[PDB]
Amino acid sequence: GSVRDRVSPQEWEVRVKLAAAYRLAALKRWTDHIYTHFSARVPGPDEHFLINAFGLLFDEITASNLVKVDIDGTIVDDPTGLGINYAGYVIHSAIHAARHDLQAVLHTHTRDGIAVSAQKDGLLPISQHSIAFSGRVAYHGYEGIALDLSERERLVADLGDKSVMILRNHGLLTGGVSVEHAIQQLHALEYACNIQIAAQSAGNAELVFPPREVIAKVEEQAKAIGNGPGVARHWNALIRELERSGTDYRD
């Protein structure tokens, strides 16, 4: 294992975690073929980041084949020779630069995530799962495929201090203080969206909205919560489940 021989032990553990995140997304079917990306900061004094190689499926990602790039997307270490999807990295770059606290940035294009993205009122407070996101979610209006400077500014302004964003007509974005934290938020958000699409099948007018005070209570209940013990527990079970398919991801 030549990659693990030359990188810091701290970089290696993040390579393993980010690769597991790619494979988990594949297992949970949060994928859109070769498009969309998960990034993580390499711990250390350098503004370096890990992302998938250009054209590999989430299913193929390993600790060893992730690509290390700088804030601009310039290859620092590409064990594949495939490089990266330079245009797909811009959103990751914009967020990582603006928010040094976010060590991981996930973006997905799932059926139900995009579906919720495409609705005026976005994510509704109609389930325990969605209500837990009350006051945690940023929205960003759709501006096209490429993220120009004008939009990059608005994207950061829209996110503000939050770590979950719905990219309207586009999909979902989650940040975290770790890969584990980002993935826990993404997993929960994706489920909240699954449930919304079913719930609303007869129209939003059939929905029961719990009272504002109840929403507020759940907000307080969830406000006690990315370095908490609940993150590690959730993640460790995902890992045990993943390993059930073999351990290639961490080579």
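One rule holds for the numbers: they count along the sequence shown, beginning at 1.
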**Prompt:** What size is the break between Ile225 and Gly226 in terms of deposited sequence residues left without coordinates: none, 1 to 3, 4 to 9, or 10 or more?
**Reply:** 1 to 3
**Prompt:** Comparing 175-183 with 78-86, where is the mean C-alpha B-factor higher?
**Reply:** 78-86
**Request:** For the higher mean C-alpha B factor in the entry, choose 56-64 or 199-207.
**Result:** 56-64
**Request:** Compare the CA B factors listed in the entry for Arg111, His96, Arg136, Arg154 and report the winner.
**Result:** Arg154
**Request:** Please rank the C-alpha B-factors of the chain's modelled residues and tell me whether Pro125 sits in the lowest, middle or highest third.
**Result:** lowest
**Request:** Just say lowest, middle or highest third for the CA B-factor of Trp12 relative to the other modelled residues in its chain.
**Result:** highest
**Message:** Considering every modelled residue of the chain and its Cα B-factor in the PDB entry, is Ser150 in the lowest, middle or highest third?
**Reply:** highest
**Prompt:** Considering only modelled residues of the same chain, in which third does the CA B-factor of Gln221 rank: lowest, middle or highest?
**Reply:** highest
**Asked** How does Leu102 rank on Cα B-factor within its chain, lowest, middle or highest third?
**Response** middle
